Each structure stands twice: as structure tokens, then as C-alpha cells.
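This document contains two forms of one protein chain, each encoded as C-alpha cells and listed individually as structure 1 and structure 2.
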Structure 1
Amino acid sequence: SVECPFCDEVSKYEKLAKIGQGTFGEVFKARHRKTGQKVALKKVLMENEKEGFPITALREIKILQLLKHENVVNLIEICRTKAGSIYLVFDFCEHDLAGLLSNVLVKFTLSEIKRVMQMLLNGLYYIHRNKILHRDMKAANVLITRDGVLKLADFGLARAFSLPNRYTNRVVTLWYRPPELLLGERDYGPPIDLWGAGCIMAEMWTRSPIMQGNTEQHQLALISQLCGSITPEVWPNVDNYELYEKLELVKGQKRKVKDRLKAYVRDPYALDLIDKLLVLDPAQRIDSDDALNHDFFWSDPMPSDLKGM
């Protein structure tokens, strides 16, 4: 038997419930056997791994180890099994935004919605400042603790960035995917996460993902029916993407972002911020710093703490 000071067996935790049941697999709620501290366990899945320990898991681990912030989920430790398996252990979070949002009983005030967006944008500012792209922004990856602290979660698709970049294009859930990626961009940055923040913000009122495409073309169509259509006038140099014409985008469409959401949102500032997040040209899209500074977070009712969930 081999010595192992720095990697505890996961049996120190007691499995309570297979919370995830996800195609992503598998997240368990668990309880520290001595202190009762609740945690989330994720097994590293080694089903098709012919190259030893998954390079993908190394990357995620590297990133969770680097990111330490109130609004980012906290990796406590990595656990083994004693066979053989490996588990990422996280501080447990009671809620997730996708769940809260689809729950008809649950209700947000304008003040709390402000707070949620504030924490989310603050998390983004932090991860980007640390040269990380999240690449999987969606309501289901945004958690909230029993005490109303929002945490960005799921860094399994995240990746460091720098400084012509050749990053993987097929990132981000279809419904949350920004125009750039759909038009074949590989030299993208933080603005992709912000587009996602936009879709989520809008979702805080519509209670449902605003643009539910079925294929990339359907998605790109939906985006055009909301943000106007992708034009070198609107988006300088958009033409130089190969798929720009080679993908028959629409032509009459005009910006309806504020009109179509006008109903749900009401508050002028909220609508203005969402409009500045769902901007077509990634380079004209508002960043987390400016977003945090937007009058939405600095007018009444000022942002408030989270309650009744």
C-alpha cells in the first residue's frame, strides 16, 4: 500500500443524493462524515480515456485552483477512492438559477434581479481579469447559496486566454452562443461570456431562454430577428468571416431588442443594459467593468440581498 498525505479518500464524505442526474455526470450532494459540512462531488469520467488522466480534467482543475472569489464556485479538494476513481469536491450550493427561474412559485423583485446581475458580472470581471474564459455561460451554471451568494459554476469547458489565437469554435450551449462563434471565429475573448450574461439577464424577466434555436442557422436567424441583421455597417469587418455570405443571413431585420423585451422588463435601465450586452460586434459589446458601472446598478431601487430563496 502507497503513502498519500495529500489526497484523501472520498469516503470521508457521505453520499446524500444524485442531484445532477445530468447527461453531465455525475454530481452528488454529500455530507462530511464528521462535521456535517455539505459538499458537491463530481467524479472525473474516464469512459473513453486512452491517454491516461484526461487533459481536460487537468485543465479544469488548474483553473478551479487559480480562481478564488466570492462569486466563483470553490473547489475544496480532490479525492481518490482507494480502489480506481477521482472526485472534485466543491462547497455545496442550495439553488441554481435555471431551477429558480422555471419555478412559478419563486418571485424576484427588481432590486434582487439587480443584485443577481451584479454578482454575476462581478464574477465575470474576476475570471477575465485572471485570463480565463468560461465558455459555458447559462442559467443552469449559475448557482446561489442558501445565503444569497451567486457563484459561477462548471469550468469544464473553460480555458485560459492571452495577448492570432486559434481557440475551439464549438464552445458554449447553442442558445447562449454569441454571433462570433456561429460565424466561425477562433480568435475570440471575454465578450463571448458577456453575450451569455445578456441572455441570462433577459431570462430574469422572461423566465425562459429568449433565443431557442435548433441548429446554428436557426440560432443565427433568431439572433437576427432580435438584434437586427449582421451587417458590415453594424459589425465592421463581419464580411471577412468565410460563412458570412456562405450562410445566407436575413436582410430586412432591424433591432427589436428593446421592443420585444419591453413587455417583460419595464425598467428603462435594465433594458438599456441588456441591449448593450446583446450587441452583435464583440468589440462594441459592453464589458463587465462598464456593465457594473451602468446606471442600472446605481439608481433606485438599489440592489438588495437575496431572500425567500
Structure 2
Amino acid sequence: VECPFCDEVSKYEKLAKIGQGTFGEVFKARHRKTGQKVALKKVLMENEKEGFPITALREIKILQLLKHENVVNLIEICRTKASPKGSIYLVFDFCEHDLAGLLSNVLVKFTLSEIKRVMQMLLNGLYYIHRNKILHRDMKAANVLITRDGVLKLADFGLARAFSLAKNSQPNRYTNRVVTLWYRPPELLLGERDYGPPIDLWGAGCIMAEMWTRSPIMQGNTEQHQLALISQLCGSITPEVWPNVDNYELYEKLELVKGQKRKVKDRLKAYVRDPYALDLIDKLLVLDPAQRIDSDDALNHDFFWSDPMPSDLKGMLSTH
């Protein structure tokens, strides 16, 4: 069975296992001939039902479209000769760290100037993916990569999809359950199915605050718990701040969480310090997605035009 366009994974030598996932999940590797370091992600198929997971097909279809500096790059898709099963692997350019790990390590240090560039790179990635009608849908520290050279990359488009620029007609019915709990926007937690770019931007805000807090700022145990935390931080969700939020079937479930005052800047004050930084985190963590700032305008916020301007990430990456 010829397969001129689907090279066998063997061409890659598994150098090590990335993180602690499944047996043969993510693998670091070297091209047996160029020595090229690449990351091997197996298309996990426990979703053995309807054939090749559509969710996978999307990731791949999307990865091959998005070709931008701040977007992880898909090299090729390899296979493993099958018999009693067959597997498929995605070959990515290997990336040294993830924002999750760097912030976890009590050792790594960031200068306001350095954060500013991490952010400016994140938002630039988003703006690109969003301008190509693509929603990430899985925003979180762990999926924000940084290379040895200090370049940011948005990763894991396994839950990503296209979206429609339909200011026009009929509302869109996109998949509601998406985005890890801790980085999920209110709209989704209320059942929203006609969301768009603003969901990634709410993650962008949860992340930005992490650069200073060094850990997820809202860690709910349940979806209602999450909503409670969000309320305690961004304020009670009411039609006052969220025009027409009443209509959400699930809203009638917030009844008891109704008195919080927006404490965003206050609670993050002790960590951020910088004013404009407190400002953009405040504008990204806006309850009504329609009033929430977008990638473009975030990229033109004073936080990106005021001393200290953005500097590379050599310092932070200080030999290790």
C-alpha cells in the first residue's frame, strides 16, 4: 500500500517523553538525519466511535493554515504501520518551555518589560488566528509556548475551530463545553453557544494576571464554583453590566451570588503594581463579551506604549 505522502514515524528517534501524559502521548525527538528536534503528538483515539476524530481533523486542517511567528508550527503528519492499532502522529517544531512551567518554577524571574513582550506576542498570535476566523478554545498557561530563543507560540489547537463573521443573519450554534474550567469565560459557563473571539481574550486576561500571580487566579472545583469566583473578582453578573444576560437559561441559577463589587484591580493590585497593566487586565476581564476588549485594541493599549517598553526574553531565559 503506497503512501508517498505519509512518512513512517520511524524517521524520528524518540529522545524523551514530554510531560507526564499517556504511554505514547507527547514525545521529544530528533530527525535521524538532520538531528532536528521535534515534538511528536499522537492522535489519541479512545474516541473510537465515529472514525477519525473530527476534532483531530480540525487541529490538523487548522495547523496547516495558520502560519504565523506566534503560532506553533506543524511540520508533517506521520504514521506507524498498522496491524492488530494504527496510529497517526503530528510533528511539531520542538519548543523548550511552556508559560505554565516557567511561572511554576519559583526561580524564573520576569521584568515588567519582559512580561510586556510575552503579552504583546500572545495578543499578536490571537489577533492572527482570530483574523483567520479561528477560535483557539483551549487558552491556558500550559499551552503558551516559548522557545529557547525567547519566541512565544500558541499551542494545542486540538479543540480549535473556525467561526463565522456573521454580524448578518442567523445565530451560530457552536459547541458550548470548551476551554478548561479555570480559563473559561462567563458567557460559556452560562451556556452560551453563539460566542466568538472574546472567549480567547478572557483567557488572555486570566493568563496575563498569572505573569504576576504565578498561578491560576480563579480555580473553581465546579462550574458553579467558577462562576462564584468570577463574581467575587469581576463583580456580580447582572443585566446592569451585562445587557440582556437574563435570557441565559442558566442565569436563573446565580440568584444567590448577587452582591459582589468589581474588585479586579484591587485584588491584583498587590501583584501587578504597574497601572496600565492593571488596566488591560481589567479590560480583558470584562463580563459582557460584547464590551470585552479585542486583540487589536489590546495591542494599542497604553500598556504597549509607555516606559518600560517591550524587551526580549533573554534575561528571563538566563542560562539554565
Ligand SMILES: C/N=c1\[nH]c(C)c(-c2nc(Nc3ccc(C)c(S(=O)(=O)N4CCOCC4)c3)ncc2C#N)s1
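Structure 1 provides the reference sequence; residues are numbered from 1 along it. In this text, rigid core is short for the largest set of C-alphas that superpose within 1.5 Å between two forms.
Looking at both structures, it is structure 2 that matches the form solved without this ligand.
In the overlay on the core between the two structures, a shift of 2 Å or more in CA position is seen for a single residue of 260, 32, 68, 246, which is 246. Once the core of the two forms is superposed, the Cα of residue 8 has moved 1.1 Å between the two structures.
Taking the core as the reference frame, the CA atom of residue 125 shifts 0.1 angstrom between the two structures.
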